[PDB]
Amino acid sequence: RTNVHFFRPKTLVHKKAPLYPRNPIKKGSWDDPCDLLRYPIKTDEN
RNA sequence: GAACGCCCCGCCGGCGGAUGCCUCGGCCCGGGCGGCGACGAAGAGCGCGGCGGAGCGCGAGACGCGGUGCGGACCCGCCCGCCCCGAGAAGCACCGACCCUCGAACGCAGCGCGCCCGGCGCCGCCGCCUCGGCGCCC
Ligand SMILES: [Mg+2]
Ligand SMILES: [Mg+2]
Ligand SMILES: [Mg+2]
């Protein structure tokens, strides 16, 4: 034995696998073109 | 003397908000009811109307959207719109959805950043996968 310390053994780790979906329907958000842009600002400076 | 001041013989004006009458409000008693939340509550922030400050309401589907019933001429301003044996304004009741940030508040922080390309908090119960021990044995 080379190291004098005891560390936790390496053990298998699993990936997730939910039995039902937590978001069954994919809904929209704030961002989409024509909603992210509101209007232009019209001045003589502009 | 006049005038100022004071009293009222009377006629008018101010300033102030008492009195009287009125009341979509309080207070007391009795009867019901006893119905929140990780399926994200109570509370807080911000935003939403054609002209839109406050409060009510609503959530980027925002001063509301749909479905079943009922109702049957209006919609406080300016406009729009509806109008008829159904074509459908006000209003009402139940039901289905949408539901931004913070909050028990859940990737870390509170407004800035990550690991990973589905996602990514803590405790507990029951199972399951993979494992440690010079514990008791073989
Ligand atoms: Mg949306
Ligand atoms: Mg307002
Ligand atoms: Mg959070």
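The chains referred to below are lettered A, B, ... by the order of the sequence lines, with proteins before strands, and numbering in each begins at 1. We use all heavy atoms of the structure for the numbers below, so side chains are in, but hydrogens, waters and symmetry mates are not.
Across the protein-nucleic acid pair, A/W30 atom CH2 and B/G61 atom P stand 13 Å apart, rounded to whole Å. If you measure from atom CG of A/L19 to atom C1' of B/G127, you get 13 Å, rounded to the nearest angstrom. Rounding to whole angstrom units, NZ of residue A/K15 and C1' of B/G119 are separated by 10 Å. A straight line from CZ of A/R38 to P of B/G47 spans 14 Å, rounded to a whole angstrom. Between the P atom of B/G119 and the NE2 atom of A/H14 lies a distance of 21 Å, rounded to the nearest Å. Remark: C1' of B/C120 and NZ of A/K16 are 8 Å apart, rounded to the nearest angstrom. If you take OH of A/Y39 and P of B/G50, they are 15 Å apart, rounded to a whole angstrom. Atom-to-atom, CZ of A/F6 to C1' of B/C134 comes out at 13 Å; the value is rounded to the nearest Å.
Of the possible polar contacts, one joining the A/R22 side chain to the A/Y20 backbone as a donor-acceptor pair under 3.5 Å is found. With A/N23 contributing its side chain and A/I25 its backbone, the two residues share no donor-acceptor pair below 3.5 Å.
Summarising the base pairing, B/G25 is matched to no nucleotide, lacking a Watson-Crick or G-U wobble pair whose two defining distances lie under 3.5 Å. With a cut-off of 3.5 Å on both Watson-Crick or G-U wobble distances, the partner of B/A44 is given as B/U101. When both pairing distances are held under 3.5 Å, B/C15 makes no Watson-Crick or G-U pair with any nucleotide shown. B/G124 makes up no base pair with any nucleotide shown, lacking Watson-Crick or G-U wobble contacts both under 3.5 Å.
Atom CG of A/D44 is surrounded by 12 or fewer heavy atoms from other residues, nucleotides or ligands within 6.0 Å.
Taken together, B/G66 and B/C95 meet the test for a Watson-Crick or G-U wobble pair: both N-N or N-O distances fall under 3.5 Å. Judged by the 3.5 Å cutoff on both pairing distances, B/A93 and B/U68 qualify as a Watson-Crick or G-U wobble pair. Residues B/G53 and B/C76 show neither Watson-Crick nor G-U wobble pairing with both defining distances under 3.5 Å.
Residue contacts for A/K10: at a heavy-atom cut-off of 4.0 Å it reaches no nucleic acid atom on any strand shown.
When all heavy atoms of A/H14 and A/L12 are compared, the pair lying nearest together is NE2-CD2, 3.8 Å. Residues A/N46 and A/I41 approach most closely at ND2-O, 3.0 Å, considering heavy atoms.
In this structure, A/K27 does not reach the B/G61 phosphate: none of its side-chain N or O atoms is under 4.0 Å from OP1 or OP2.
A positive value of the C1'-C2'-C3'-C4' torsion places the sugar of B/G118 in the northern pucker family. North is the pucker class for the sugar of B/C100, given a positive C1'-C2'-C3'-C4' value.
Nucleotides B/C39 and B/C28 are separated by 43 Å at their P atoms, to the nearest Å.
Judged on ring centres (limit 5.5 Å) and ring planes (limit 30°), B/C15 and B/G16 form a stacked step.
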